[PDB]
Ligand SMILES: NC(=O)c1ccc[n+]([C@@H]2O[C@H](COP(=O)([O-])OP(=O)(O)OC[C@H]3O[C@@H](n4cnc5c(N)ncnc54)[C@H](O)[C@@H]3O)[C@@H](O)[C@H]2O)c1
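Take a look at this single chain, the form solved without the ligand, given in structure tokens.
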């Protein structure tokens, strides 16, 4: 019941081969989340062998004003990619072969696929000098641009100036190392920056601190804090929290002070999504949103083909914003339309993300409106937040517990 979301009962691969579906220009690989024994009544290995059949599954088509992109689901769960890298690389190459057939020239590795494939390098090992396959990309330079666009939006809608914010970064990984230099070059420098990571990355954080004062030109307070399973209480003194970590529920959403802004690319989210919604509905004292979601100026027509096996035991996709598309997936389409936006493999210099930011703003792209998975923060609640939690009013709220 919408012209921008339509379900297709027949296989998209078959319809393509009979000339009923035009080729795509790019593709994006995803996985089936994590296995839940209450959702499905099969075992994990039975679903991999008999339901997914160890084959890539072309499940979605997104028609944008800048090309078409196919969504292909690998026949694995997220834990299966981490426990066997060789098998994960193998199923990706097969998915790359299918993506090349349907016309894709670039393929994004969405979710935790980079974190499990040496950020794409484990795949380039097996591709060697093969050319018949489309080129892979982690899309993390576009994800970083989407995070910076969300920082800009959550501060604008919150009625808060970034230059008088105390920003805390949880997780300085591939996406994290793209956001921090890009944030300083596109937005006003904050009053304070806090870097937080594992003990293994102390010298790593110590480096970024020194790069912050010389190379990036940050002249504010820089503090270093280390996480042990959970975040140090020091991070709760931050007024804006930027999360880009792979460990889940590291931030206690009930310990953040009233008026905190949270931008989290992490999927899974570094905080409890359900506890954040409940606090926001009762208190309306926080702003939190996805970090890696982009909002296109023009709507996107999404065709959906569910696996008939899983379709029986299933809203979710129809209950979506037709203007929204993930920055990681869209990155493959960007590389296919703009040769200057080269694909990214592994962790490398994050300065080039400024090109992605400029292009995204040139096309009148902005971050997706403030939302977290299924929940969209209502505009009237955001307005109530702006009137109640300006910088001059943060000290005048009771911090529970």
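Positions refer to the first chain, counted from 1.
In what follows, reference is made to the form deposited with the ligand bound, a form of this protein that is not presented.
Figure legend: unbound chain with the ligand modelled from its position in the bound PDB entry by local C-alpha superposition. Site open, with zero ligand atoms within 2.4 Å of backbone or C-beta atoms.
At a distance of at most 4.5 angstroms from the ligand in the bound PDB entry, all three residues 171, 197 and 267 contribute at least one non-hydrogen atom. A residue is said to contact a partner when one of its heavy atoms sits within 4.5 Å of a partner heavy atom; residue 157 fails this definition for the ligand in the bound PDB entry, lying far away. Mapping the unseen interface onto this chain, residue 105 falls outside it, with no heavy atom inside 4.5 Å of the ligand in the bound PDB entry. A residue is said to contact a partner when one of its heavy atoms sits within 4.5 Å of a partner heavy atom; residue 201 meets this definition for the ligand in the bound PDB entry.
The ligand is not shown here, and in the bound PDB entry it never comes within 4.5 Å of any heavy atom of residue 181.
Checked against the ligand in the bound PDB entry, the residues 289, 303, 239, 227 give one hit for a heavy atom within 4.5 Å, which is 227.
Of the listed positions (115, 79, 191, 275), a single one reaches within 4.5 angstroms of the ligand by any non-hydrogen atom in the bound PDB entry, namely 115. Heavy atoms within 4.5 Å of the ligand in the bound PDB entry belong, among the stretches 94 to 102, 252 to 260, 227 to 235, 206 to 214, to residues of 227 to 235. For the partner-free chain shown, 244, 245, 246, 247, 250 of 235 to 264 come within 4.5 angstroms of the ligand in the bound PDB entry, judged by any non-hydrogen atom.
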